[PDB]
Amino acid sequence: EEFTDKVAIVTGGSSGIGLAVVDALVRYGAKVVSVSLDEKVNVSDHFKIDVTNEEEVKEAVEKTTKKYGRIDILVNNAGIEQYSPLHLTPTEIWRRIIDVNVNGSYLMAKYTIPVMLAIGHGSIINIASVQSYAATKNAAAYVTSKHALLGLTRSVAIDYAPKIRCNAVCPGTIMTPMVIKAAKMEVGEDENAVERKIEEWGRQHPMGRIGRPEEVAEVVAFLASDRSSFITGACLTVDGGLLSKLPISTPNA
Amino acid sequence: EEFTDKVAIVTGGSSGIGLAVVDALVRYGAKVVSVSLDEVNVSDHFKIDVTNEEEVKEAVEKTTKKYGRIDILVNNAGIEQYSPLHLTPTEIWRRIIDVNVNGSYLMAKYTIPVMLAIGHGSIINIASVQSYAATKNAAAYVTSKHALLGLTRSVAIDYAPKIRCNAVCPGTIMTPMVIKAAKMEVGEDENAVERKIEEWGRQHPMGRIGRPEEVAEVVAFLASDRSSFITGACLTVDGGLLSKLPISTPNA
Amino acid sequence: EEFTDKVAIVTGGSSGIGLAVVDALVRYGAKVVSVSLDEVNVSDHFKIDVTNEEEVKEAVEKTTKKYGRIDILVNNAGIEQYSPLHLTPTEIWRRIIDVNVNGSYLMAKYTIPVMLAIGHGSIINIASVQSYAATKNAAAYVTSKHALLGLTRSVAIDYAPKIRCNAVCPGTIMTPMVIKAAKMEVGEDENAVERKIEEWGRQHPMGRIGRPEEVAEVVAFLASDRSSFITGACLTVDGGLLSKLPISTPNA
Amino acid sequence: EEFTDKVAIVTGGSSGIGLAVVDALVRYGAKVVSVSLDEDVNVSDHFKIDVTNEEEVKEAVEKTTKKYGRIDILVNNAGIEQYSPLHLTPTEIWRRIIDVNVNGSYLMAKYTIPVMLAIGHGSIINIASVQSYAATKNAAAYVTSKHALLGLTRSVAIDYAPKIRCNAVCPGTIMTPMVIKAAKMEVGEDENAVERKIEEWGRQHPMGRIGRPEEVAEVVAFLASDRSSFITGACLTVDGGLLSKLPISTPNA
């Protein structure tokens, strides 16, 4: 319990990832304030707001600071997806993904940084993706917004060291309801096709499975912790080896 | 003669880099359609804001109507504000992302189906060494240049083999943007400006700063069939800056 | 209490970094087998050369006959000489590649099948920020730390899920190698040295160089079940060094 | 034209890639010296030497300079492969691959560099691999040596700028007689199995085909040319998009 007296804010807090991050941070002693589009745990407070709405972000951050007196940790985890290549992505959907996934993070960080400066220490963990380094097909706005998020990461880390560390977590496929929905979109519903498809994505990760939301949450907690006190501006992949794998088969002398 | 009968669109075509690119391409025989905020040796100029969907659509349809092809798109429109993230005003943050990322989305959006319909294209995003690492007080800029690499990788992967999409990541290049950055740091004092530039030059292994035409040659190579198995790549044109660790060493 | 009953081997075990990894793993309850040329309450010590296959084979087989397991291997034996490439004597170049790269091949070669037979392992290679970017006059060292990333990635990919393999890439850390490096540039002069250290620290966004324990926490995290979906990764522990572009920018 | 009166040394000169580099540099005007273990008269001189034998390297560089007065361009392209994971790679095989692939390049560079500093300019091109960034299974010594080559590349670039530029070319699968051998090793010879397998590898690259040796040579020639006068210490992929591709299927929305 090393996060005792520390306050954490976590966005997309009713996500698979978000919920696991909330649970991991409460388990290590923090008070967690959760932010999401729903009313949807062990959070000390929940804010139902749109991270792209500046007045809403500002009010939430100020109510938190007023009530708890401090914010030590921000986890930017809010993010949406459109499965379209670029030229097939309508303008409002493009702008909206870049707005949610990039500007939402900027806005949270913008209002949260002053308090962390005031207080002397802070830790900002940006939940990005393996799509921050490489691209799947049909993910133009998503891949671009996750690349952005590392730039956002490296900038904050450079401008605010040593008081604030800022790092990115880059997950491969993580078991969440989104993953189920995507399988269902791709293959439909003949006998166990949905499950076989989730198992197949697992088989492309060198680990031969997909990740659990708590395995992401453990990495977030470590970055939030004094344990990682010389890591900042880093982009840690949690992807079961995916990004280091070349998918060219090879004989076996 | 290499680009004879090929049509290239380049945005930010009054730029240090845009202008040099426009010229290499003209020199190598391309018909160049220049795009910028201003009013040059090109075949067509559109004075338009790349963030204006209507103006982009119109410039791309006119070009297509007139030449019946677009072989090459160079996305080079870019703005730079100087602020750390929490001191960046929201409207300024939103505008930089809009210009540097959405303007590229928009040019590509109308250009890609033309290239697919016709057989072949080459798209080049002018990104930056700041697509890999940050300077101080450049939050929106750094974010948007990292974003461009993603747009690049995405386009490459969805549109191979017909469309090749690559990024050129320059270091400090001698351009009006760079001269201006120096005065904002050092005053309009002619003499201090050159001292500032030469200091940036000495941060680069090459010991000088780049010329816009050295960037334009790399854009030319990427637009060319010579780079026909290159796509989704980020080519640094940085005199070695990114491979340099700035910690001194005994020379012994 | 997390590593109770687990067996760790750490090479370069009286290194600054080596020593802190040793204490950290001991303090989280591991049985630690130290490897070095030297002589900390480890459970065993081997005074061997990692480039000597016989000695490596001996240390690894005694260990597994003794404990019936090797859960954790930390490759950290690492030498350095200063010389640019063409001025590096052949024997010294070969020696640095041998220790830094083959020493790791050898330890892993004997440890892997043990981990595979028993069910599980974590291997952590201590590489460097010089696995990504170069300093001057460090040809052999820079090439050898890049090689270790390839060694890491290969091992990760051939042996998942049962073995996780990852690299830690430290920035400037307060160790004996680093104090020596400073003396080699600056002299024995006591606070000339610490001026040089301060100058390095100032190159890192954090404003100071790392402590060996900051490295060992990262190694502990990677040896641990907490990082169970992490493999083939490079974790920089560099106070932001690699994410920083060393080019000044205007204020406000 | 551009290389008229220039001299280039290319190692592994009777390989598919080496052969196409030699032809490309001759087309652009160079006098080209080949180095290989073997016995192509595009070349104006050929040295049947082992790049790991310092005295041979020294003698060949020395004979080249006395003949031509100059070496403008060095292409390190000597490489051997073994298809084994680390723990199945015997010690002599491991040391020999690191030796040829890393030590061979060090040696050539070691003797060419003072020639290049004397004449005042040089361009060094290291033929590395997509295996310089990520890994196939069963390729431990090879992946290690190709990562090493990038560090060799960055060091030379850092220490010898502005007079000597040093860059790396990172090919994906290139049609070579080695690719035929690897396919043969992997599937054997039932009907067109071997050709299908080379075709399957092509399908893994976003380009949907493998590369031609000449497409690698074009990039080497650009890197040797003054056209790339501000590129140094860069590692340029020629891989049909392979390294930018995530192999996780997605739906189309």
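Scroll up for the structure.
What counts and how
Residues numbered from 1 in each chain as written, not as in the entry; some residues may be left out. Chains lettered and ligands numbered in written order. Heavy atoms only, no water. Core = buried A, V, L, I, M, F, W, Y, C linked by side-chain atoms within 4.5 Å. Buried < 20%, exposed > 50% of the residue type's maximum accessible area, 1.4 Å probe, protein only. Contact = heavy atoms within 4.5 Å. Axes fitted to C-alpha atoms, helices over the stretch in contact; angles between N-to-C directions. Helix = DSSP H or I, 4+ residues; strand = E, 2+ residues; numbered from the N terminus. Parallel < 35°, antiparallel > 145°, perpendicular 65-115°, else oblique. Left-handed = near helix turned anticlockwise from the far one by under 90°. Nonpolar A, V, L, I, M, F, W, Y, C, P; charged D, E, K, R; others polar. Buried area = accessible area lost by both parts, 1.4 Å probe. Salt bridge = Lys/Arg side-chain N within 4 Å of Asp/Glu carboxyl O. Pairing = 2+ DSSP bridges. Disulfide = S-S within 2.5 Å. Polar contact = N/O pair within 3.5 Å; in protein donor to acceptor, adjacent residues only side chain to side chain. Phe/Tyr/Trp six-rings, centres within 6.5 Å; stacked < 30°, edge-to-face > 60°. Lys NZ or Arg CZ within 6 Å of the ring centre and 35° of its normal.

Asks: Tell me about the nonpolar core, residues and numbers included.
Replies: In this structure, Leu86(A), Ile124(A), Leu85(B) and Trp93(B) are the most contacted members of the largest nonpolar core, which totals 91 residues. Each residue touching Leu86(A), except ones within four places of it in the same chain, is listed here: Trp94(A), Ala140(A), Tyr105(B), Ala108(B), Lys109(B), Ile112(B), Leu151(B), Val155(B), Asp158(B) and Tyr159(B). Core analysis: the next-biggest nonpolar cluster, separate from the first, contains 89 residues, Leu148(C), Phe47(D), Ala60(D) and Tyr111(D) among them.

Asks: Residues and numbers for the packing of helix 3 (residues 90-118) of chain C against helix 4 (residues 139-159) of chain C, please.
Replies: Residue and element names in this part refer to chain C. The contact between helix 3 and helix 4 brings their axes to 9 Å, and the two run at 15°. Taken together, the axes of helix 3 and helix 4 are roughly parallel relative to one another. In this structure, helix 3 meets helix 4 at a crossing whose hand is right-handed. In contact with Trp93, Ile96, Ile97, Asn100, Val101, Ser104, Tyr105, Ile112 and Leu116 of helix 3, helix 4 contributes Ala139, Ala140, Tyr141, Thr143, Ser144, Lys145, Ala147, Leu148, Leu151, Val155 and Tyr159. Its residues assigned to classes, the contact of helix 3 with helix 4 comprises 15 nonpolar, 4 polar and 1 charged.

Asks: Now, about the interface of chain B and chain D: what can you tell me, with residues and values included?
Replies: Facing 34 residues of chain B, the contacting portion of chain D comprises 36 residues. Taken over both partners, the interface formed by chain B and chain D buries close to 2,900 Å², and the fraction arising from carbon and sulfur atoms is 67%. The largest contributions to the chain B side of the interface with chain D come from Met206(B), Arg226(B) and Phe229(B), which together make up 28% of the buried area. For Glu218(D), the salt bridge is made with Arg226(B), and the minimal N-O distance between the two is 3.7 Å. Among the elements that line the side of chain B that touches chain D, the one with the most residues is helix 7 (residues 212-223) of chain B, at 4 residues. Within the side of chain B that touches chain D, the residues separate by chemical class into 15 nonpolar, 10 polar and 9 charged.

Asks: Before we move on, could you go through the sheet that holds strand 3 (residues 45-48) of chain D and cite the residues and values that matter?
Replies: Residues and elements named next belong to chain D. Taken together, the 7 strands give an open sheet; going across it, the order is 3-2-1-4-5-6-7, and neighbouring strands pair in parallel fashion. Edge positions in the open sheet fall to strand 3 and strand 7 (235-238), since each of these has one partner strand only. Each adjacent strand pair in this sheet contributes to an overall mean axis angle of 15°, direction not counted. Relative to strand 4 (residues 73-76), strand 1 (residues 7-10) runs parallel, the two being bridged by 3 bridges. Residue pairing across strands places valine 10 opposite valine 75, the latter belonging to strand 4.

Asks: Give a description of the sheet that holds strand 5 (residues 121-126) of chain B that names residues and reports values.
Replies: All names here are of chain B. If you trace the 7 strands from one edge of the open sheet to the other, you get 3-2-1-4-5-6-7, paired in parallel fashion. Edge positions in the sheet fall to strand 3 (44-47) and strand 7 (234-237), since each has one partner strand and no second. Each neighbouring strand pair of the sheet contributes to a mean axis angle of 15°, computed without reference to strand direction. Across 4 bridges, strand 6 (residues 163-170) lies against strand 7 in parallel orientation. Looking across to strand 7, one finds that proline 170 is bridged to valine 237.

Asks: Describe the pairing of strand 4 (residues 73-76) of chain A, listing the residues and the values that go with them.
Replies: Residues and elements named next belong to chain A. A two-sided burial pattern is seen for strand 4, the buried positions comprising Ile73 and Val75 on one face and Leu74 and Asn76 on the other. Bridge count between strand 1 (residues 7-10) and strand 4: 3 bridges; the pairing is parallel. Of the residues in strand 4, the one forming a bridge with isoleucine 9 is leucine 74. In terms of strand pairing, strand 4 meets strand 5 (residues 122-127) through 4 bridges, oriented parallel. Paired with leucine 74 across the bridge in strand 5 is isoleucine 124.

Asks: If you had to explain the state of the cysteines to someone new, which residues and values would you point to?
Replies: By definition, a disulfide is the covalent link that joins the sulfur atoms of two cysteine residues. Throughout the structure, instances matching the rule amount to 0 disulfides over all chains. With no disulfide of its own, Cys166(A) lies 8.7 Å from the sulfur of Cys235(A), the closest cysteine sulfur. No disulfide involves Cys169(C); its nearest neighbouring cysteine sulfur is the one of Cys234(C), lying 4.7 Å away. On the basis of relative accessibility, which here comes to 0%, the residue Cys169(C) falls in the buried class.

Asks: I'd like a rundown of the interface of chain A and chain B, residues and numbers included.
Replies: With 44 residues of chain A at the interface, the matching set in chain B holds 44 residues. Three residues stand out in chain A for area buried against chain B, namely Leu86(A), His87(A) and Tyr106(A), and they jointly supply 20% of the buried area on that side. For the pair chain A and chain B, the interface holds 2 salt bridges. Between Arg94(B) and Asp99(A) there is a salt bridge, with the nearest N and O atoms lying 2.9 Å from each other. For the pair chain A and chain B, the number of links is 24 residue pairs in polar contact. For the side of chain A that touches chain B, the secondary structure elements donating two or more residues are helix 3 (91-119) and helix 4 (140-160) of chain A.

Asks: Tell me about the environment of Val75(A), and please be specific about residues and values.
Replies: Residues and elements named next belong to chain A. Within the element layout of this structure, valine 75 appears in strand 4. Overall, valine 75 belongs to the buried group, its relative accessible area being 0%. Sequence separation of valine 75 and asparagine 167 is 92 residues, and the distance between their C-alpha atoms is 10.0 Å. Aside from chain neighbours lying at most four places away, what touches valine 75 is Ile9, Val10, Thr11, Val21, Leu25, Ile125, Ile127 and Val220.

Asks: Got a sec to walk through the packing of aromatic side chains? Specific residues and values, please.
Replies: Applying the stated rule across the entire model yields 10 aromatic pairs over all chains. Taking 4.1 Å as the distance between ring centres and 5° as the angle between the ring planes, the aromatic pair formed by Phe221(B) and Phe222(D) counts as stacked. One end of the pair, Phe221(B), is in helix 7; the other, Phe222(D), is in helix 7 (residues 213-224), on a second chain. Across the pair, exposure class does not vary: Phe221(B) and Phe222(D) are buried alike. Both rings, one in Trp93(C) and one in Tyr106(D), keep their centres 4.2 Å apart while their planes meet at 10°; by these two values the pair is stacked. In this pair, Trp93(C) is assigned in helix 3 and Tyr106(D) in helix 3 (residues 91-119), connecting two distinct chains. Its guanidinium or amino end placed over the ring of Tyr28(A), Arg27(A) lies 4.3 Å from that ring's centre, counting from NZ or CZ. Positioned over the ring face of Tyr28(D) is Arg27(D), at 5.1 Å from the centre of the ring.

The values are spatial; any link to function lies outside them.
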